[PDB]
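Protein chains: 6
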Amino acid sequence: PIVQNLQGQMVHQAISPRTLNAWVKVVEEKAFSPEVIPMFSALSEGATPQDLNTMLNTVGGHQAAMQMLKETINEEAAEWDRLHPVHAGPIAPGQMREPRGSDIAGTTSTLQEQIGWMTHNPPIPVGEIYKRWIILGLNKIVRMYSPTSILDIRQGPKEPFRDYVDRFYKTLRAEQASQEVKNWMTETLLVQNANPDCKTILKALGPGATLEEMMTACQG
Amino acid sequence: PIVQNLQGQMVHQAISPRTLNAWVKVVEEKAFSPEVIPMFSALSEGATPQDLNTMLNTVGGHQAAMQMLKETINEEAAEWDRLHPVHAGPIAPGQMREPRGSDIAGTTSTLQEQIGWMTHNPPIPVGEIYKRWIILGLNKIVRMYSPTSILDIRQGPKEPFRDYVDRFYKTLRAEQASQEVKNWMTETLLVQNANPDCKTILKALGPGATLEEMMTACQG
Amino acid sequence: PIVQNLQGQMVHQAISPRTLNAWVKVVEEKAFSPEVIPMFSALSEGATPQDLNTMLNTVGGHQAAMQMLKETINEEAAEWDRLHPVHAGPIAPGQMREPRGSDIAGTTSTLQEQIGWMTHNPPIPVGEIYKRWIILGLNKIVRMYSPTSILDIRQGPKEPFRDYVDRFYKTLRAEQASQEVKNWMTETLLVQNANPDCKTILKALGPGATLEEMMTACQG
Amino acid sequence: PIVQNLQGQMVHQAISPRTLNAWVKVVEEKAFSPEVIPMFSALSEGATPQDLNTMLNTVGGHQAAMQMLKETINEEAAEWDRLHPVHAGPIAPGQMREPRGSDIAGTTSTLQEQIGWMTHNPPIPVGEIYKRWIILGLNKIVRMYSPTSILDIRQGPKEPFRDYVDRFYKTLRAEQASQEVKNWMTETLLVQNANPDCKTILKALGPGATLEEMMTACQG
Amino acid sequence: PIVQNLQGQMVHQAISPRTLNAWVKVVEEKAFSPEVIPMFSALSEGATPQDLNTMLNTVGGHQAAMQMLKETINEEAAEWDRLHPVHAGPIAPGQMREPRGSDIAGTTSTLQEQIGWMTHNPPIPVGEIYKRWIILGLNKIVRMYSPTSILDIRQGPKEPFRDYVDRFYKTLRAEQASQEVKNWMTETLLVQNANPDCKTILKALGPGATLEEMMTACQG
Amino acid sequence: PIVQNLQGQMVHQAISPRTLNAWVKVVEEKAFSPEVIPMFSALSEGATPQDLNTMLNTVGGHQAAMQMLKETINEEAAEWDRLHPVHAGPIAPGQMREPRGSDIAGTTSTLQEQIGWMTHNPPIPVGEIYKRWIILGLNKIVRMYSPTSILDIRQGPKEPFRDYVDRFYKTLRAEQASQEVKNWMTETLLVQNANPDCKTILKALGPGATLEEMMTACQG
Ligand SMILES: O=P(O)(O)O[C@H]1[C@H](OP(=O)(O)O)[C@@H](OP(=O)(O)O)[C@H](OP(=O)(O)O)[C@@H](OP(=O)(O)O)[C@H]1OP(=O)(O)O
Ligand SMILES: O=P(O)(O)O[C@H]1[C@H](OP(=O)(O)O)[C@@H](OP(=O)(O)O)[C@H](OP(=O)(O)O)[C@@H](OP(=O)(O)O)[C@H]1OP(=O)(O)O
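Chains as they are written, first to last, in PDB author numbering: chain q, 1 to 220; chain r, 1 to 220; chain p, 1 to 220; chain m, 1 to 220; chain o, 1 to 220; chain n, 1 to 220.
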């Protein structure tokens, strides 16, 4: 992608084969865990919209997610076009006007236009907008691909509380609810669906008990 | 290949063995899916025609498709020679003669000649044209190695709609239809080739809903 | 992370895929053993808080420890906010106010703010404070994942004392005890919970001898 | 090999061990397939005959082919010596006479001699000629390695035409006959030795066609 | 860490994860053999005391050896403090006093102090002192881990003398003694504790021959 | 090691960890074979003697060969001391006297002396000489693990001729002798020790037999 230059501006460079190999490995090993969402921001720093398009295309299978993200990109491009004032008239030499939905998506914009937009004055980070749209698409796709809800988790009589609370927090992270709702569910459902023995132990522990005390109490 | 040197001008470089090894391993481990076409453009950027020829030559097996690509290269070179009259003029330093059909593919041109063509003023990315030429072939190559039709696709009574839409979009990517034709064909056949209960539910929902409602309407 | 340009000004770079891939693979493979605590500081030196929280988020599984460390980070940030004399009123131009309880976590502080803090006059090592908080959280996590206590280790009648003292010192490294108590216990517990013949040999050898004499006298 | 300087003068570069290790491991792991013939050039660009000799000597297994290629190199060096007699006379400063029969084989010469030959104007392509001789030796080796002829191939009744055409083209590539007769026979023998259904479809198509049409007609 | 730059002054850097991963894996997999002592010196070139401490602490298990080497480091630091003059009072600005016994290990001295000491004129090779202390600790732990002495090695009645001489030399390399003692042992003990037939053949061949002649004398 | 600077002066470098890792892996995995003899030289294309002995001491096991090569190094140092008289008197400033028998091995000379000798005018390839000394030693190392002679090889009736000729050439290449004896034996032993059918075929073929025709006539 675009790499920094020693005491210089930002110039475009070829995509590292290591980056794409790591991306295909991580999207072929699990491809449906929340931690792959930060991984995206660990590799899409400063990348051109063309790089985003190539990364989206290089994935194998699961084209339903590709259609989902394409639809979200189209609708958000339309909303950006309607909200942002239209640009016309003589364009200043050396720079280009604010790109429309087609240009930011990379379908009609070449590499030179994206490079000029990155080095604009003031710089226009439409790559950031495109990747935040992709982040929203990833959020909705991980909502889609989550195979369980939050309220249906139940701890088995022989099931340890360790992996129980682990999967509870995994589904909590998969949930898109507000912070206060997350706090309420983590304060209630963590005991509403546990084993009865240490359920009553935690009830005896009183309200607002930290989870370390609960985990040291549910043992045995 | 030719890479943009930091705080300096671009210079020719030898092909890294790792890129070729990754290319050959991904060719031998994966079928002729559409997503391999962008992957090629993720490794052939800033490459001389000789580099592209070497990349083509490292193919392991499936030489029938290689013969198809060679024939398409020959016919495209013939078309290029036919549409470009022979450029006759003085030969002086700083000016290089017009490459022919055997020269764009790099079969009869040395690496130094390609470097001189790249450094010629004005720059001639004719080798890049050759790249797109092979891309064209790769397109039909996919259509050759995914012989399953798109009209005959039908979701079985026990076939989940997730895999149904996955294979439908795989064959769509294998298809040569334009963007609008693809959109129309999907918006028709997705509801035309579903389970009867899904058909009734989605027709009760009505047209205009995105694929999200299509998925969430007839779950199970 | 943060690097110094050769004969140049300070420049902030991204995270290389090598470091994150190695960290995630070693975390997913190796358990929550004490040796992972130094390993983190091997790869998280001079890193911005945003890089630290992205590295934290890229982990997969064991979300109970993640929730516990988030709680500890939040409470420590609140304590830092209340104890520190939070400046109020106007801020002079060209300055940067003290980090917030959420700015140190990186969830509300932009990368430009982090860069300004790093190069501030005088510099603010907020990233180091966050790293120390992470170190405390990892100590809590390794205490949580401690298999057994330290007083229950018993030497087998025929098991060699070599692996006995090895696991004793491993558990000492995994122990939550302070400095003076561990100094007291490293001179009396090992000679008290060994085979009787070697115990009496060590007792006759005299107190104050280092562990090399202990192991040589205990040789069979 | 010998690499160009960053806007400077030609400087010899050290041999990368990774390329040699990859070459030897792939040669010893997969096969003695003719696919090594082109990719060898990708690993021997701008390399002195010493580097080629070092690469050749580090091979493992099947020393009979090594003896064959050594004998071919010796006889071709003798041919070069007898066709082009050894030059005599004092060597003017700044130039150097052509390499001898042993010098061109990279045996009785040092790296500095190759550097002086390369910097000499015109540059004598001793390395290129040695590479051509190695290519001819490998062509003879792969001619030997062929376990069957080209005219005895027959297609099984219970086999798809894809494997038949694949093996026909791989054996055609493995052939060392003249290109003219090869291209003449690749349009006839493929149907002269095909299954009856392909034969009937092709003779219904009529004499003369492109292999794309042939292989699409064989489908179904 | 301390690594030279291309035609430029040395700048601070960080140890690559692959180096530490290889170091820890070879430490945990091969042995606590003397050959690891040079290996460490291969990976400790231009390394700050912080890097040395991190590389030391990244090992998993064998904590008894870690405690032993820490104790030897502490006693060596005490010896250095008592031997080298104890500076009292600050020095003129621009210079710093010699690092304390706790500063060589890096327990109390930060990386900035180590960098300042390294760049100070005259240079402070405190890292070299720490490395040689680690070398002494490795030598003593190798001597500890030797399962047998050099005096009680007996050749098997049917075991070939190749394995006998190999194990004799391997044990000798683990011996911490002068080179003259090693020469005397290799010249005397190699025949004293051998099989009667090789003993008689060795005595017939005389004591003036080298190891090669005597090992080729009584083969079988 | 010895690395050329970009159009600059000669600058010393430390040994790359990957080079020594590859060396030790190929030594431990692949048995002692002549093919690894070039593998050493490619890994030692310019290095100080200190680096040579450092990479030589990394190998674990087979210490008998290490002792043999150390003895040969000592005897070659004695030879160098005898043939090259020791010189005394004044030493020119900026230059160092020629290395002695102990200095070439690097046992007494420090890294600074090696650097000064590398940059000496005229250059002193003392380390190069050292490497050729090692070559001599490894020659007799080839004689160590040779299990049979060059005339006891026999082709079994059930064993294919390919394996027989492969082993014959392995033993021929491994064996150290003159060129004339190899030329004599490459036409006598192989025919004499072949299965009777193709042996009499070769005898009917007569003189001038080449291995290619030899074992293409032996097919069947
Ligand atoms: O291509 P990069 O991502 O910049 O990584 C390179 C690459 O190593 P890898 O292919 O293993 O990643 C270099 O190898 P070449 O491409 O030159 O063959 C290597 O050079 P050496 O092989 O000589 O060590 C260099 O290391 P360095 O920068 O120390 O010269 C290393 O860079 P990193 O070590 O920063 O990944
Ligand atoms: O550490 P791993 O996860 O096993 O990956 C390694 C590593 O490659 P990366 O540095 O890209 O991770 C090796 O490089 P080093 O760490 O030894 O420098 C490389 O070896 P080469 O550099 O010689 O290519 C090797 O490849 P191989 O297993 O073919 O030897 C490759 O393994 P993977 O290819 O399985 O990732």
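Idealized CB from N, CA, C, for every residue including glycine.
Proximity test, Cβ basis, 8 Å: residue i and chain p
i	result
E71 (chain o)	yes
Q112 (chain q)	no
Residue j beta carbon less than 8 Å from that of residue i
i	j	result
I15 (chain r)	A77 (chain m)	no
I2 (chain q)	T48 (chain q)	yes
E187 (chain n)	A217 (chain n)	no
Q155 (chain o)	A194 (chain o)	yes
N5 (chain p)	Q13 (chain q)	no
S146 (chain o)	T110 (chain o)	no
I73 (chain m)	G116 (chain m)	no
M144 (chain p)	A65 (chain p)	yes
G60 (chain r)	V26 (chain r)	no
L69 (chain r)	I134 (chain r)	yes
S44 (chain q)	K182 (chain q)	no
residue 229 (chain o)	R18 (chain p)	What is shown of chain o runs 1 to 220, which leaves residue 229 (chain o) out entirely.
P38 (chain m)	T54 (chain r)	yes
Burial state of residue i, where buried means 16 or more other Cβ atoms lie within 10 Å
i	result
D103 (chain p)	buried
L205 (chain m)	exposed
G101 (chain r)	buried
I124 (chain o)	buried
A105 (chain p)	buried
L52 (chain n)	buried
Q179 (chain o)	exposed
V142 (chain o)	buried
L83 (chain m)	exposed
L190 (chain q)	buried
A22 (chain p)	buried
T148 (chain n)	exposed
Distance cut-off 7 Å: residue i Cβ against heavy atoms of ligand 4
i	result
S146 (chain m)	Ligands present in the displayed structure are limited to ligand 1 and ligand 2, and ligand 4 is not among them.
CB contact check: residue i to chain r, cutoff 8 Å
i	result
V11 (chain m)	no
Neighbour flag for residue i against chain o, beta carbons, 8 Å
i	result
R18 (chain p)	yes
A14 (chain n)	yes
8 Å Cβ cutoff, residue i in contact with chain m
i	result
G101 (chain r)	no
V191 (chain n)	no
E212 (chain n)	yes
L43 (chain n)	yes
Residue-level contact to chain q via CB, residue i, 8 Å cutoff
i	result
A177 (chain p)	no
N5 (chain p)	yes
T107 (chain p)	no
Closer than 8 Å to chain n by CB, residue i
i	result
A47 (chain m)	no
message: Counting beta carbon pairs with one atom in the stretch 194 to 204 of chain n and one in the stretch 166 to 175 of chain n, are three or more of them shorter than 8 Å?
response: The answer is no - the stretch 194 to 204 of chain n does not touch the stretch 166 to 175 of chain n, with fewer than three Cβ pairs under 8 Å.
field: Contact set between the stretch 22 to 41 of chain o and chain n, restricted to residues whose Cβ is under 8 Å from the partner
entry: Result list: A22, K30, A31, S33, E35, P38, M39, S41.
- prompt: Using a Cβ cut-off of 8 Å, which residues of the stretch 56 to 83 of chain p contact any Cβ in chain q, in chain order?
  reply: Contact annotation: in the stretch 56 to 83 of chain p, residues whose CB is within less than 8 Å of a CB in chain q are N57, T58, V59, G60, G61, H62, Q63, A64, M66, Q67, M68, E71.
message: Beta carbons nearer than 9 Å to chain q: which residues of the stretch 161 to 173 of chain r have them?
response: Those residues of the stretch 161 to 173 of chain r that come within reach of chain q (Cβ to Cβ, closer than 9 Å) are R162, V165, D166, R167, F168, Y169, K170, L172, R173.
message: Give me the subset of the stretch 184 to 209 of chain q whose CB atoms are less than 8 Å from a CB atom of chain r, sorted by chain position.
response: none
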